[PDB]
Amino acid sequence: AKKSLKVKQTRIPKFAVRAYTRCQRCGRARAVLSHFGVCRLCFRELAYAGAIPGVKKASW
Amino acid sequence: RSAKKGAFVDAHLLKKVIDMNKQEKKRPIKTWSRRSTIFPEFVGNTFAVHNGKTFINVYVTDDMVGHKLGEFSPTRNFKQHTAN
Amino acid sequence: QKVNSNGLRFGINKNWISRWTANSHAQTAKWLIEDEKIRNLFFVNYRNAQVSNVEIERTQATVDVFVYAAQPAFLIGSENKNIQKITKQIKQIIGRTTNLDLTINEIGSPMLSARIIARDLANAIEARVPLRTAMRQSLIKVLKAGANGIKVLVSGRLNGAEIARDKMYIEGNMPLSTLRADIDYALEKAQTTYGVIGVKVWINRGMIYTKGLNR
Amino acid sequence: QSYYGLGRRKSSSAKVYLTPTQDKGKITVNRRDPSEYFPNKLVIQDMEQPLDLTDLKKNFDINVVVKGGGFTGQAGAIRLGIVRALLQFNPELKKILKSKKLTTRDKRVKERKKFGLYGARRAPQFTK
Amino acid sequence: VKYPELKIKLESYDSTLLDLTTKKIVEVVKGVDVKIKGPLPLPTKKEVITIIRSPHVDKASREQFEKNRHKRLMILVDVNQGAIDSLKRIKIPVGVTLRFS
Amino acid sequence: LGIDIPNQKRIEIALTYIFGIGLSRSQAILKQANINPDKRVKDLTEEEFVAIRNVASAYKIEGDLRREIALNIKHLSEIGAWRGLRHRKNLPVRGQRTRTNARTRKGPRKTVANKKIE
Amino acid sequence: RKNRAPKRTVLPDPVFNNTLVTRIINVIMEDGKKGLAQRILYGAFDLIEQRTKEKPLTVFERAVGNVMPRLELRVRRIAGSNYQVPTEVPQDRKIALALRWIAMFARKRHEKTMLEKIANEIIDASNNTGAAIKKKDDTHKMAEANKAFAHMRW
RNA sequence: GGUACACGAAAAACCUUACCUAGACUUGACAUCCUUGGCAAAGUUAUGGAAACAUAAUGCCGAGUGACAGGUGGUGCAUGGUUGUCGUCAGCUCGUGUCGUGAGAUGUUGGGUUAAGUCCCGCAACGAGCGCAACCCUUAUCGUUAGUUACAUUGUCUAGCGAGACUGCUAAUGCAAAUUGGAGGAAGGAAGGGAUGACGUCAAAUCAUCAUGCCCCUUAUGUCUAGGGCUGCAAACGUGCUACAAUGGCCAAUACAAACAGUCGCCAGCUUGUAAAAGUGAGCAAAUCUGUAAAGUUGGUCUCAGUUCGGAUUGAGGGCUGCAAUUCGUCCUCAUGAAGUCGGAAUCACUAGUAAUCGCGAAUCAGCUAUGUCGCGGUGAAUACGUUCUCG
């Protein structure tokens, strides 16, 4: 029932009592940013692809 | 009603309480939402509150008025004092 | 071990293709999503002509796209039959009102990328021909028409239930240590009746003169 | 006259103007008294140990401007500026100050705490 | 006057693009505009985002991505009609972001 | 008040161990009596002691506060309530896990046999 | 297989010019900071001062020097047991353990202020009464059954 | 068991939810074969109702229907992708070649000699590839860039960059690697930190991130809303943490920041205020303006104990937003003053800004008892006897 999760993600609850966000591709809404709406796995995978301009590896 | 505000109710679980109030109250109403604080009218009232499958009746009275319908209903289950 | 060298060498070795700069972080994800869809339309359209890169250069309502086509006849043909369709279809995803600007740019050594090489390796693996000769020809072609060292691998299964004759092909300058290797790396999740098969390619795009800058 | 020293230590930066004069030495930081600006420690006596390691404090009115850090990082930065101003004046004394790494920047700052790690290298206990 | 005070901030993650844009501003205004402040690298607002690596559980090697935000502050107090006539040849790079201030 | 009055020790803070009289109410009693925090003295004022049983005795008896809190707890626990249930189980009420915590109600964490995965 | 390596020791304090009290500051600091230990230690030199009229330098040296060992019972095991062979203990470790023992004993006999107890322990180690001298005593007296271990190498 | 456990989870008032059900959904919310066009399903006002789902209209665009859409539905020895362990281990392979009929050695081996297979000396090897090292980035000097919203003790603040140290030099000098001598110096000898951990290993973890093969389900494995668990408790283990106090507790003044966040937000200021908060109100689209720097310092205090430690849980009242605060958030005040007066097997991080302190802003966050994380800064340890025992 992952499509239930996704179509509830695309829809917005009628109150601010009920609220969450999740990736367009990933399930497991835990650990998701509000700057891109992308889950940790999808974000890390697209960042290893250089999707966001400037995602680098820290060397101090 | 909270510790931050006066007696305020969402007025959708009290809605049916009152709707039956103008008609010689009988208490049990199918309400397991947790959005109504209590009032001097909720004395004697019971509501079938959902725990995870069934809707347990919870007695309400005029003892204290500093809680909601969710606080006046056991929302969880305990160990049943089991050693397993 | 061997943390994935995909993100490990963007910015220091690999280049960034799609640049986008919006305002406060509300529709930045929208810009990212629109850019990736528009740029991946080309990538999912052609797999025989093998279009490689389309840089959508966006900054505050200044969008510039640039297609790098390997075969102009496959991307244009007679009476520009292909491009107008793109000029139609992207017009539905990029917006009717906004302008659609792009041109076919020339480039040397068009196989210094990894995605198309991986696609060709998969085609050779499942091309209904003696497979070993097919991959010998494909590697000879990628090494011949202009390129640096290659690193091609296939993992998964042999069209059975086990990959026993996997071949790890390394040629020329493949230093994972060197921070100037100019190595582009891609992975392909091929779909078949034996589960997803991973075809991964590292490719050196030319020894730049000791540069740590995104050239 | 115009002797111009610069110093950095523990995220503290500082310049100092030093000029030959016969005053107490204008002991001050940002032109104000170090009563409660700094803790009253040995560090307040070490405040003029560059002057103790060199010509006495009765010279070189300290006109020190500072930015950032704390007090010991601040003190190290301003004393590095003091020794560099002394270099600008008489660099034979630069030798002994550099011998304890005063003229040269000491480049000792808190090691950056890392990902997952509690601090620079602190890690939790875990056997099995 | 076009701007009583032109507090234009130009910033991006690429310093070379920022350098290029700020120089182009410099010599294109150099001779047709005065009271300018040339290339001023301001302290960076760089930060790092830390995420897990394994699909499922792992907290032993927390992967990290760095976003560095430079800042160049151009302060052109006066903008003139001749200034714009000579300055109509400046454009906004794909990385560099200019402020209308 | 008169409870937890130390001898040759500051009267100001020793009241905090009383049930019903903490630091703020202790200080209220002290400054209402103007006891002027002392140098390890049992009590600075000797006459004001009678003023104590003139005004400080007028303070609410904490023994009654104990039974008021007890009856309020009785009402809260007897009616249907999640916090009432937590009262009934003699555990943290406002909501805390007892997987490892609750080292004030279940004793000093009496270690028993582990009934866990096999 | 760590070999001979140097140590970083803060140089002697300008007000007393002793490196030993500086290693004491190195090893006593609460919460790992000298921003607060040095005040009370200078207080303690003062407390030594008006108590028994002991100048800090000589009393501190006569206290630290009398707790210092000379024998290294180098470990040698059998994988089921262990024994000690007496060699000469290193001088750097000599002074290190001396100062560590002095500092760690210095802070006991929990009472009204730590100034009185630290001056008391400094005085006790000064007068050679048993509070830290026992370390030097044992480091040689328990090396008597281990003195038999000096007859052979294993 | 470690290569499972302050996890996946950078925040759960119901959704997140993968679990359960109640109201409800029947090719389904979506998705479309097909079929046609003409203009709209929105959202609202009542309502059974906990809201759906049943209510009616209101406001280029719809609108129905099979296969399917879709499946956190399962199948990590069926898998990819991704990720950790040995391992940032000093070593690992191959082309050509010799020989042992050969498994293969081999080059790699080895002496000194290195961070490295680092050099040479010799080696049935000559070479190359992998790794590492090195290249590269960062802290570190002088000059150069522009000067404000830095400053204004004005180039203090900055990174854009250049000169720039590398046994460079000299001698102790080893056939070679390569140490140190003293000075110039920012670096002086892997300058310090980060950095790709080779084949492999765990028939590694990952079907539940994602893509998933086979099969399945489909008028259900489809969807809306309501509630609960993700903080239960016989409970244990783990994990930091909390102190076990007089450098400490309390009171008062208390400096020095970095840092990021912020446009119906930071929210100054201002007042009521112990305080949350209540009202009030600019500048700041952030070098403007806002969100204290604290510990430390300066004096008093407590003068040894379950204590002026520690504040545990707890009750009452105010408080934030959230439509309404209770769980499935929290803040403050008042009141509670337990255990622990340094704790065994076990022990983890450590060669300096190290172990420890102190606070700050934020990521997710309208909420966060995440005592947790990203960080950031201030203060600031000895030690290394040798690997004895073990690991690798």
# chains A, B, ... in the order shown; residues from 1 in each chain; ligands from 1

call {"tool": "interface_residues", "arguments": {"of": "chain H", "to": "chain E", "cutoff": "12 Å", "atoms": "only C-alpha atoms (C1' of nucleotides)", "output": "PyMOL selection string"}}
result
chain H and resi 3-10+81-85+145-150+155+157-161+205-206+208-210+258-261+285-288+362-364+373-376

call {"tool": "interface_residues", "arguments": {"of": "chain B", "to": "chain H", "cutoff": "7 Å", "atoms": "only C-alpha atoms (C1' of nucleotides)", "output": "PyMOL selection string"}}
result
chain B and resi 2-4+8-10+31-33+35-36+50-53+67-68+70-71+75-79+81-84

call {"tool": "write_last_selection", "arguments": {"atoms": "C-alpha atoms", "output": "compact mmCIF listing (two decimals), in the first residue's frame"}}
result
# COMPACT_ATOMS: atom_id res chain seq x y z
CA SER B 2 -5.47 23.81 28.47
CA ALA B 3 -2.99 25.10 31.02
CA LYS B 4 -2.47 27.99 28.56
CA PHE B 8 -12.35 26.01 25.00
CA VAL B 9 -13.89 23.13 23.06
CA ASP B 10 -13.72 22.14 19.40
CA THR B 31 -17.27 9.60 19.69
CA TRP B 32 -13.64 8.49 19.97
CA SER B 33 -12.01 11.73 18.86
CA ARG B 35 -10.81 17.18 20.68
CA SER B 36 -13.49 18.11 23.24
CA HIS B 50 -11.00 3.80 20.47
CA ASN B 51 -7.87 2.14 21.86
CA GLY B 52 -6.74 0.16 18.86
CA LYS B 53 -9.68 -2.01 17.82
CA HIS B 67 -8.29 18.18 30.59
CA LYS B 68 -9.72 17.02 27.25
CA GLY B 70 -8.41 12.28 25.30
CA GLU B 71 -7.04 12.63 28.82
CA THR B 75 -5.41 5.80 25.24
CA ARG B 76 -3.06 2.82 25.63
CA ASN B 77 -2.81 -0.65 27.14
CA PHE B 78 -0.61 -1.71 30.04
CA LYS B 79 1.36 -4.92 30.75
CA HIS B 81 0.81 -7.06 35.23
CA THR B 82 2.41 -9.87 33.21
CA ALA B 83 5.87 -11.29 33.96
CA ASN B 84 6.38 -12.46 30.35

call {"tool": "closest_atom_pairs", "arguments": {"of": "chain D", "to": "chain H", "cutoff": "8 Å", "atoms": "only C-alpha atoms (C1' of nucleotides)", "output": "JSON lines"}}
result
{"residue": "D:11", "atom": "CA", "partner": "H:258", "partner_atom": "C1'", "distance": 7.4}
{"residue": "D:14", "atom": "CA", "partner": "H:156", "partner_atom": "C1'", "distance": 7.1}
{"residue": "D:15", "atom": "CA", "partner": "H:156", "partner_atom": "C1'", "distance": 6.7}
{"residue": "D:16", "atom": "CA", "partner": "H:153", "partner_atom": "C1'", "distance": 8.0}
{"residue": "D:17", "atom": "CA", "partner": "H:153", "partner_atom": "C1'", "distance": 7.9}
{"residue": "D:30", "atom": "CA", "partner": "H:153", "partner_atom": "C1'", "distance": 6.6}
{"residue": "D:31", "atom": "CA", "partner": "H:153", "partner_atom": "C1'", "distance": 7.1}
{"residue": "D:36", "atom": "CA", "partner": "H:255", "partner_atom": "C1'", "distance": 5.8}
{"residue": "D:37", "atom": "CA", "partner": "H:255", "partner_atom": "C1'", "distance": 3.7}
{"residue": "D:38", "atom": "CA", "partner": "H:255", "partner_atom": "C1'", "distance": 5.9}
{"residue": "D:39", "atom": "CA", "partner": "H:297", "partner_atom": "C1'", "distance": 3.6}
{"residue": "D:40", "atom": "CA", "partner": "H:297", "partner_atom": "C1'", "distance": 5.5}
{"residue": "D:41", "atom": "CA", "partner": "H:297", "partner_atom": "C1'", "distance": 7.9}
{"residue": "D:63", "atom": "CA", "partner": "H:153", "partner_atom": "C1'", "distance": 5.6}
{"residue": "D:64", "atom": "CA", "partner": "H:153", "partner_atom": "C1'", "distance": 6.1}
{"residue": "D:65", "atom": "CA", "partner": "H:153", "partner_atom": "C1'", "distance": 5.4}
{"residue": "D:66", "atom": "CA", "partner": "H:156", "partner_atom": "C1'", "distance": 7.0}
{"residue": "D:67", "atom": "CA", "partner": "H:156", "partner_atom": "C1'", "distance": 7.4}
{"residue": "D:68", "atom": "CA", "partner": "H:257", "partner_atom": "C1'", "distance": 4.7}
{"residue": "D:69", "atom": "CA", "partner": "H:257", "partner_atom": "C1'", "distance": 4.6}
{"residue": "D:70", "atom": "CA", "partner": "H:256", "partner_atom": "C1'", "distance": 3.9}
{"residue": "D:71", "atom": "CA", "partner": "H:256", "partner_atom": "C1'", "distance": 5.6}
{"residue": "D:72", "atom": "CA", "partner": "H:379", "partner_atom": "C1'", "distance": 7.7}
{"residue": "D:73", "atom": "CA", "partner": "H:378", "partner_atom": "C1'", "distance": 8.0}
{"residue": "D:74", "atom": "CA", "partner": "H:256", "partner_atom": "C1'", "distance": 7.4}
{"residue": "D:104", "atom": "CA", "partner": "H:141", "partner_atom": "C1'", "distance": 7.6}
{"residue": "D:105", "atom": "CA", "partner": "H:140", "partner_atom": "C1'", "distance": 6.8}
{"residue": "D:106", "atom": "CA", "partner": "H:140", "partner_atom": "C1'", "distance": 7.9}
{"residue": "D:107", "atom": "CA", "partner": "H:140", "partner_atom": "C1'", "distance": 5.8}
{"residue": "D:108", "atom": "CA", "partner": "H:353", "partner_atom": "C1'", "distance": 6.3}
{"residue": "D:109", "atom": "CA", "partner": "H:353", "partner_atom": "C1'", "distance": 5.9}
{"residue": "D:110", "atom": "CA", "partner": "H:353", "partner_atom": "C1'", "distance": 4.8}
{"residue": "D:111", "atom": "CA", "partner": "H:353", "partner_atom": "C1'", "distance": 6.1}
{"residue": "D:113", "atom": "CA", "partner": "H:375", "partner_atom": "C1'", "distance": 7.6}
{"residue": "D:115", "atom": "CA", "partner": "H:374", "partner_atom": "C1'", "distance": 7.7}
{"residue": "D:116", "atom": "CA", "partner": "H:373", "partner_atom": "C1'", "distance": 8.0}
{"residue": "D:121", "atom": "CA", "partner": "H:349", "partner_atom": "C1'", "distance": 5.8}
{"residue": "D:122", "atom": "CA", "partner": "H:349", "partner_atom": "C1'", "distance": 4.3}
{"residue": "D:123", "atom": "CA", "partner": "H:349", "partner_atom": "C1'", "distance": 5.1}
{"residue": "D:124", "atom": "CA", "partner": "H:348", "partner_atom": "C1'", "distance": 6.3}
{"residue": "D:125", "atom": "CA", "partner": "H:348", "partner_atom": "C1'", "distance": 3.9}
{"residue": "D:126", "atom": "CA", "partner": "H:348", "partner_atom": "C1'", "distance": 6.2}
{"residue": "D:127", "atom": "CA", "partner": "H:2", "partner_atom": "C1'", "distance": 7.4}
{"residue": "D:128", "atom": "CA", "partner": "H:2", "partner_atom": "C1'", "distance": 5.2}

call {"tool": "write_last_selection", "arguments": {"atoms": "C-alpha atoms", "output": "short mmCIF file (atom, residue, chain, number, x, y, z; two decimals), in the first residue's frame"}}
result
data_model
loop_
_atom_site.label_atom_id
_atom_site.label_comp_id
_atom_site.auth_asym_id
_atom_site.auth_seq_id
_atom_site.Cartn_x
_atom_site.Cartn_y
_atom_site.Cartn_z
CA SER D 11 39.51 32.23 16.78
CA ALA D 14 44.12 41.37 17.05
CA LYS D 15 46.28 44.23 15.89
CA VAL D 16 48.45 46.42 18.08
CA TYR D 17 50.11 49.79 17.66
CA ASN D 30 40.28 47.87 23.37
CA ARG D 31 41.29 50.94 25.40
CA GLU D 36 36.39 41.94 34.37
CA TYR D 37 37.06 41.84 30.61
CA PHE D 38 39.42 38.95 31.36
CA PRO D 39 39.46 36.52 34.30
CA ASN D 40 41.86 37.53 37.06
CA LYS D 41 44.32 34.64 36.69
CA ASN D 63 46.97 50.17 21.37
CA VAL D 64 45.33 46.79 20.72
CA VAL D 65 42.14 46.21 18.70
CA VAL D 66 40.62 42.73 18.84
CA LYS D 67 37.94 40.59 17.18
CA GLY D 68 36.44 37.29 18.28
CA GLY D 69 37.47 34.40 20.48
CA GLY D 70 37.71 34.39 24.27
CA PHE D 71 40.35 35.48 26.77
CA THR D 72 43.24 32.99 26.45
CA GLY D 73 42.78 32.89 22.69
CA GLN D 74 42.44 36.65 22.91
CA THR D 104 55.13 32.61 14.43
CA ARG D 105 51.42 31.88 14.67
CA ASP D 106 50.83 29.09 17.19
CA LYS D 107 47.97 27.65 15.07
CA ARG D 108 46.39 25.75 17.96
CA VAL D 109 42.58 25.90 17.79
CA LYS D 110 39.88 23.49 18.95
CA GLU D 111 39.78 20.44 16.70
CA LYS D 113 33.93 17.89 16.17
CA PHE D 115 29.95 13.51 12.32
CA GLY D 116 28.62 10.87 14.70
CA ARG D 121 37.42 12.31 18.71
CA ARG D 122 35.07 11.42 21.60
CA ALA D 123 33.14 8.23 20.86
CA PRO D 124 30.61 6.29 22.98
CA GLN D 125 31.34 3.01 24.72
CA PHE D 126 30.42 -0.10 22.75
CA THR D 127 31.90 -3.57 23.30
CA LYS D 128 29.23 -5.98 22.04
#

call {"tool": "select_by_dssp", "arguments": {"residues": "stretch 32-173 of chain C", "states": "strand (DSSP E or B)", "output": "MDAnalysis selection string"}}
result
chainID C and resid 54:58 63:67 104 150:155 169:170

call {"tool": "residues_around", "arguments": {"residues": "residue G:107", "least_positions_apart": "4", "cutoff": "12 Å", "atoms": "only C-alpha atoms (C1' of nucleotides)", "output": "ChimeraX atom specification"}}
result
/G:24,27-30,40-41,44,100-103,111,113-122,131-132 /H:246-247

call {"tool": "write_last_selection", "arguments": {"atoms": "N, CA and C atoms (P, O5', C5', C4', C3', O3' and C1' of nucleotides)", "output": "PDB file, in the first residue's frame"}}
result
ATOM      1  N   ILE G  24      51.222  19.567  38.120  1.00  0.00           N
ATOM      2  CA  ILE G  24      50.123  19.465  39.081  1.00  0.00           C
ATOM      3  C   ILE G  24      48.875  20.171  38.561  1.00  0.00           C
ATOM      4  N   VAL G  27      47.285  18.142  35.882  1.00  0.00           N
ATOM      5  CA  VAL G  27      46.573  16.928  36.274  1.00  0.00           C
ATOM      6  C   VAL G  27      45.472  17.134  37.326  1.00  0.00           C
ATOM      7  N   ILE G  28      45.343  18.335  37.911  1.00  0.00           N
ATOM      8  CA  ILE G  28      44.301  18.559  38.918  1.00  0.00           C
ATOM      9  C   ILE G  28      43.038  19.196  38.360  1.00  0.00           C
ATOM     10  N   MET G  29      43.127  19.852  37.204  1.00  0.00           N
ATOM     11  CA  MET G  29      42.076  20.759  36.760  1.00  0.00           C
ATOM     12  C   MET G  29      40.721  20.061  36.737  1.00  0.00           C
ATOM     13  N   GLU G  30      39.726  20.699  37.345  1.00  0.00           N
ATOM     14  CA  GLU G  30      38.372  20.172  37.294  1.00  0.00           C
ATOM     15  C   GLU G  30      37.721  20.571  35.981  1.00  0.00           C
ATOM     16  N   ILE G  40      42.574  28.510  43.068  1.00  0.00           N
ATOM     17  CA  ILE G  40      42.603  27.779  44.325  1.00  0.00           C
ATOM     18  C   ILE G  40      43.987  27.213  44.609  1.00  0.00           C
ATOM     19  N   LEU G  41      44.765  26.861  43.585  1.00  0.00           N
ATOM     20  CA  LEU G  41      46.116  26.371  43.852  1.00  0.00           C
ATOM     21  C   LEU G  41      47.015  27.481  44.395  1.00  0.00           C
ATOM     22  N   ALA G  44      46.244  27.850  47.734  1.00  0.00           N
ATOM     23  CA  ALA G  44      46.865  26.799  48.536  1.00  0.00           C
ATOM     24  C   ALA G  44      48.314  27.118  48.862  1.00  0.00           C
ATOM     25  N   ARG G 100      51.684  12.759  39.958  1.00  0.00           N
ATOM     26  CA  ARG G 100      50.317  12.251  39.942  1.00  0.00           C
ATOM     27  C   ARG G 100      49.872  11.818  41.331  1.00  0.00           C
ATOM     28  N   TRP G 101      50.720  11.071  42.044  1.00  0.00           N
ATOM     29  CA  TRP G 101      50.362  10.603  43.379  1.00  0.00           C
ATOM     30  C   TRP G 101      50.197  11.773  44.338  1.00  0.00           C
ATOM     31  N   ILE G 102      51.101  12.755  44.256  1.00  0.00           N
ATOM     32  CA  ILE G 102      50.995  13.941  45.102  1.00  0.00           C
ATOM     33  C   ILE G 102      49.668  14.651  44.855  1.00  0.00           C
ATOM     34  N   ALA G 103      49.329  14.874  43.583  1.00  0.00           N
ATOM     35  CA  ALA G 103      48.098  15.586  43.255  1.00  0.00           C
ATOM     36  C   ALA G 103      46.859  14.808  43.685  1.00  0.00           C
ATOM     37  N   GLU G 111      36.234  18.176  53.708  1.00  0.00           N
ATOM     38  CA  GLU G 111      36.011  19.106  54.809  1.00  0.00           C
ATOM     39  C   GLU G 111      35.653  20.474  54.238  1.00  0.00           C
ATOM     40  N   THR G 113      36.712  23.460  53.369  1.00  0.00           N
ATOM     41  CA  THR G 113      37.246  24.004  52.136  1.00  0.00           C
ATOM     42  C   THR G 113      38.423  23.157  51.720  1.00  0.00           C
ATOM     43  N   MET G 114      38.579  23.027  50.411  1.00  0.00           N
ATOM     44  CA  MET G 114      39.666  22.229  49.898  1.00  0.00           C
ATOM     45  C   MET G 114      41.023  22.876  50.132  1.00  0.00           C
ATOM     46  N   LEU G 115      41.060  24.173  50.450  1.00  0.00           N
ATOM     47  CA  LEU G 115      42.331  24.816  50.762  1.00  0.00           C
ATOM     48  C   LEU G 115      42.976  24.175  51.992  1.00  0.00           C
ATOM     49  N   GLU G 116      42.181  23.960  53.046  1.00  0.00           N
ATOM     50  CA  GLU G 116      42.717  23.393  54.278  1.00  0.00           C
ATOM     51  C   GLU G 116      43.219  21.976  54.051  1.00  0.00           C
ATOM     52  N   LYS G 117      42.472  21.168  53.294  1.00  0.00           N
ATOM     53  CA  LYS G 117      42.882  19.781  53.093  1.00  0.00           C
ATOM     54  C   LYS G 117      44.086  19.673  52.167  1.00  0.00           C
ATOM     55  N   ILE G 118      44.166  20.514  51.133  1.00  0.00           N
ATOM     56  CA  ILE G 118      45.307  20.400  50.231  1.00  0.00           C
ATOM     57  C   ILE G 118      46.575  20.887  50.922  1.00  0.00           C
ATOM     58  N   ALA G 119      46.480  21.977  51.693  1.00  0.00           N
ATOM     59  CA  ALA G 119      47.628  22.389  52.491  1.00  0.00           C
ATOM     60  C   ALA G 119      47.972  21.332  53.534  1.00  0.00           C
ATOM     61  N   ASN G 120      46.956  20.671  54.097  1.00  0.00           N
ATOM     62  CA  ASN G 120      47.190  19.623  55.084  1.00  0.00           C
ATOM     63  C   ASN G 120      47.955  18.456  54.475  1.00  0.00           C
ATOM     64  N   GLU G 121      47.598  18.060  53.251  1.00  0.00           N
ATOM     65  CA  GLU G 121      48.290  16.941  52.616  1.00  0.00           C
ATOM     66  C   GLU G 121      49.691  17.347  52.178  1.00  0.00           C
ATOM     67  N   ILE G 122      49.857  18.589  51.709  1.00  0.00           N
ATOM     68  CA  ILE G 122      51.198  19.090  51.418  1.00  0.00           C
ATOM     69  C   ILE G 122      52.064  19.032  52.668  1.00  0.00           C
ATOM     70  N   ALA G 131      50.691   9.482  54.228  1.00  0.00           N
ATOM     71  CA  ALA G 131      49.562   9.787  53.356  1.00  0.00           C
ATOM     72  C   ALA G 131      49.868   9.585  51.879  1.00  0.00           C
ATOM     73  N   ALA G 132      51.098   9.836  51.438  1.00  0.00           N
ATOM     74  CA  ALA G 132      51.557   9.517  50.095  1.00  0.00           C
ATOM     75  C   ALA G 132      52.913   8.836  50.081  1.00  0.00           C
TER      76      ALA G 132
ATOM     77  P     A H 246      34.343  19.021  48.009  1.00  0.00           P
ATOM     78  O5'   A H 246      35.539  19.949  47.522  1.00  0.00           O
ATOM     79  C5'   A H 246      35.876  21.123  48.249  1.00  0.00           C
ATOM     80  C4'   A H 246      35.013  22.300  47.854  1.00  0.00           C
ATOM     81  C3'   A H 246      35.309  23.600  48.606  1.00  0.00           C
ATOM     82  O3'   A H 246      35.021  24.703  47.739  1.00  0.00           O
ATOM     83  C1'   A H 246      33.076  23.026  48.942  1.00  0.00           C
ATOM     84  P     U H 247      36.201  25.648  47.189  1.00  0.00           P
ATOM     85  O5'   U H 247      35.902  25.843  45.632  1.00  0.00           O
ATOM     86  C5'   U H 247      36.725  26.686  44.827  1.00  0.00           C
ATOM     87  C4'   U H 247      36.374  26.610  43.358  1.00  0.00           C
ATOM     88  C3'   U H 247      35.339  25.550  42.979  1.00  0.00           C
ATOM     89  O3'   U H 247      34.543  26.039  41.896  1.00  0.00           O
ATOM     90  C1'   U H 247      37.329  25.149  41.790  1.00  0.00           C
TER      91        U H 247
END

call {"tool": "atom_distance", "arguments": {"atom1": "atom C1' of residue H:224", "atom2": "atom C1' of residue H:15"}}
result
11.9 Å

call {"tool": "closest_residue", "arguments": {"among": "C:176, C:135, C:125, C:38", "to": "residue C:92", "atoms": "only C-alpha atoms"}}
result
C:38

call {"tool": "residues_around", "arguments": {"residues": "stretch 49-58 of chain D", "least_positions_apart": "4", "cutoff": "7 Å", "atoms": "only C-alpha atoms (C1' of nucleotides)", "output": "PyMOL selection string"}}
result
chain D and resi 22-25+79+82-83+93

call {"tool": "interface_residues", "arguments": {"of": "chain C", "to": "chain H", "cutoff": "6 Å", "atoms": "only C-alpha atoms (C1' of nucleotides)", "output": "PDB file with C-alpha atoms, in the first residue's frame"}}
result
ATOM      1  CA  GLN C   1      35.148  -0.743   2.014  1.00  0.00           C
ATOM      2  CA  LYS C   2      35.623   1.515  -1.028  1.00  0.00           C
ATOM      3  CA  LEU C 176      40.809   6.234  -7.156  1.00  0.00           C
ATOM      4  CA  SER C 177      43.393   8.100  -5.054  1.00  0.00           C
ATOM      5  CA  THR C 178      44.159  10.896  -7.524  1.00  0.00           C
ATOM      6  CA  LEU C 179      41.906  13.934  -7.011  1.00  0.00           C
ATOM      7  CA  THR C 193      13.814 -11.669 -16.128  1.00  0.00           C
ATOM      8  CA  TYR C 194      16.666 -12.427 -13.692  1.00  0.00           C
ATOM      9  CA  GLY C 195      16.369  -9.388 -11.419  1.00  0.00           C
ATOM     10  CA  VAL C 196      18.045  -6.013 -11.672  1.00  0.00           C
ATOM     11  CA  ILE C 197      21.530  -6.175 -13.190  1.00  0.00           C
ATOM     12  CA  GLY C 198      24.123  -3.557 -12.287  1.00  0.00           C
TER      13      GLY C 198
END

call {"tool": "closest_atom_pairs", "arguments": {"of": "chain A", "to": "chain H", "cutoff": "10 Å", "atoms": "only C-alpha atoms (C1' of nucleotides)", "output": "CSV"}}
result
residue,atom,partner,partner_atom,distance
A:1,CA,H:71,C1',5.4
A:2,CA,H:72,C1',6.0
A:3,CA,H:70,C1',6.3
A:4,CA,H:223,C1',7.1
A:5,CA,H:17,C1',9.0
A:6,CA,H:30,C1',9.7
A:7,CA,H:30,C1',7.1
A:8,CA,H:15,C1',8.1
A:9,CA,H:15,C1',9.4
A:11,CA,H:29,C1',9.7
A:12,CA,H:15,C1',9.6
A:13,CA,H:15,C1',7.6
A:14,CA,H:323,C1',9.6
A:15,CA,H:323,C1',7.1
A:16,CA,H:322,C1',6.2
A:17,CA,H:322,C1',5.7
A:18,CA,H:15,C1',5.8
A:19,CA,H:15,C1',6.7
A:20,CA,H:16,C1',5.9
A:21,CA,H:16,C1',7.8
A:22,CA,H:16,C1',8.6
A:23,CA,H:209,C1',9.7
A:25,CA,H:210,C1',7.3
A:26,CA,H:209,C1',5.5
A:27,CA,H:209,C1',6.4
A:28,CA,H:209,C1',7.0
A:29,CA,H:16,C1',6.1
A:30,CA,H:9,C1',5.2
A:31,CA,H:10,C1',6.0
A:32,CA,H:364,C1',7.0
A:33,CA,H:364,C1',6.2
A:34,CA,H:364,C1',7.5
A:39,CA,H:209,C1',8.0
A:40,CA,H:209,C1',8.0
A:41,CA,H:209,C1',5.3
A:42,CA,H:209,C1',6.9
A:44,CA,H:82,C1',9.6
A:45,CA,H:82,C1',8.1
A:57,CA,H:195,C1',9.1
A:58,CA,H:194,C1',7.3
A:59,CA,H:194,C1',4.4
A:60,CA,H:138,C1',4.5
